[PDB]
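J.: Please find one structure pasted underneath; my questions will follow.
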Amino acid sequence: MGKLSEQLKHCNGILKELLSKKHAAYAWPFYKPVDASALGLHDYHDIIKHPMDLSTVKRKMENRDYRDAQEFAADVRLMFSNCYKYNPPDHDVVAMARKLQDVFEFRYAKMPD
Ligand SMILES: CNC(=O)c1cc(C(=O)N[C@H]2[C@@H]3COC[C@@H]32)cc2c1O[C@H](CF)[C@H]2c1ccccc1
């Protein structure tokens with residue numbers, strides 16, 4: 001029950017919230033890796049070097065891959081950054097990213113010290 005454990009429990013709580021029915025209307029594009037081929041996005045992997053999605057964050061959390069809150073937050077923000085890099089700012093998925101990042105940032109800010 002040390003500080004790192006406690007901070008990663010807060011991260012795990014946020015992760016569960018981002019995956020919850022409450023946010024499903026705007027979270028769903030981030031549930032699984034972007035299927036570039038299926039979506040016809042044949043330039044996706046040329047523009048996005050480091051893909052990230054919530055299923056990958058969940059696997060890394062379950063595998064105890066994250067050693068601290070900062071490492072977890074870096075993956076969640078990489079996921080949003082990839083969305084803002086690849087997509088025109090007027091696309092629905094960017095509006096959805098902004099809304100889910102608002103949920104993330106406000107709760108991440110309530111990290112226990
Ligand atoms: C992280 N997800 C994505 O970046 C993403 C990109 C595109 C896309 O087609 N992006 C291309 C825009 C126009 O050309 C470059 C960018 C489409 C969708 C995406 O997530 C959903 C699939 F999970 C799918 C979606 C469908 C309808 C509404 C919202 C989201």
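Lettering and numbering for the structure tokens are positional, with chains as A, B, ... in the shown order, residues counted from 1 in each chain, and ligands counted from 1 in the shown order.
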With only C-alpha atoms and all ligand atoms counted, collect every polymer residue having an atom within 12 Å of ligand 1; state the result as a ChimeraX atom specification.

T.: /A:24-45,47-48,51-54,76,78-98,100

J.: Could you list, as a list in words, every residue within 9 Å of range 63-74 of chain A, counting only C-alpha atoms and ignoring same-chain residues fewer than 6 positions away?

T.: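 In the requested form, the answer reads residues 4, 5, 7, 8, 10, 11, 57, 104, 108 and 111 of chain A.
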